[PDB]
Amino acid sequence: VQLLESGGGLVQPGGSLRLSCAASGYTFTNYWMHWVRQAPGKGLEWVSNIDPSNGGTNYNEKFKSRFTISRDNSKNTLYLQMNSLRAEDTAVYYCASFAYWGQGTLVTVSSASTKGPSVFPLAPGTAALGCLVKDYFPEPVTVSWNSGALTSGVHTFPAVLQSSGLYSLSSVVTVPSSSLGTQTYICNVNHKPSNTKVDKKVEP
């Protein structure tokens, strides 16, 4: 049994997105199907549900003017048609039915243009060093140390949304101070939305 989600991504304010959720492994009319969302760093928020046995719908009245839930019993698919999207609708959207949850899909609503990060050194018994991954859009980015090798002492912070509408985060690592002249520390930054990989050695 799986719910598999599709259709998220980046949209400008006043724009439209359709999310879909494909169910498999059981009779599609067995359970109500729900949409739930979660803004970054916040709680779960219930959006709407449909009964595929008869098309009965409930909506969070907050979304009633803009969002339409539907399904197609001949495709085992649930839909959420989101119109007139706003920045405040930025969230991971989940489908859920009984014990089955979709993986979630990030919907970003912003005027900002897709843009890869500028990467900068945070130069150094214990020394701290890292990389400042600045002014990318949208989320997410991944950071590793030493094409994946440096796991110990690594802290990769949650991104902050700057007033500019671009994201920024820092990744840091603590190492022996007496290993700064000898060992090589490199930060690998992947930003899939701009097709961007920066590698930077952080030298003292």
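Sequential numbering from 1, following the sequence displayed.
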Margin query: Neighbours in the displayed sequence, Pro124 and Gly125 may still hide a gap; how many deposited residues lack coordinates there, none, 1 to 3, 4 to 9, or 10 or more?
Written below: 4 to 9
Next item on the list: Compare the mean C-alpha B-factor of 85 to 93 with that of 112 to 120 as given in the PDB entry, and name the stretch with the higher value.
Entry: 112 to 120
Next item on the list: On mean C-alpha B-factor from the PDB entry, just flag whether 19 to 27 or 183 to 191 is the higher one.
Entry: 183 to 191
Next item on the list: Could you check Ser178, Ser65, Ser70, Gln38 and tell me which one carries the biggest Cα B-factor in the deposited entry?
Entry: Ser178
Check: Among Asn49, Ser53, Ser147, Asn60, which carries the highest Cα B-factor?
Finding: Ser147
Check: Hey, what third does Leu166 fall into on Cα B-factor, ranked over its chain?
Finding: middle
Margin query: Is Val107 in the lowest, middle or highest third of its chain when residues are ranked by C-alpha B-factor?
Written below: lowest
Note to self: Quick check for you: using the entry's CA B-factors within this chain, is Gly43 in the lowest, middle or highest third?
What the structure shows: lowest
Next item on the list: Grab the CA temperature factor for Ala99 from the record and place it in the lowest, middle or highest third of its chain.
Entry: middle
Note to self: Using only modelled residues of the chain, where does the Cα B factor of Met33 rank: lowest third, middle third or highest third?
What the structure shows: lowest
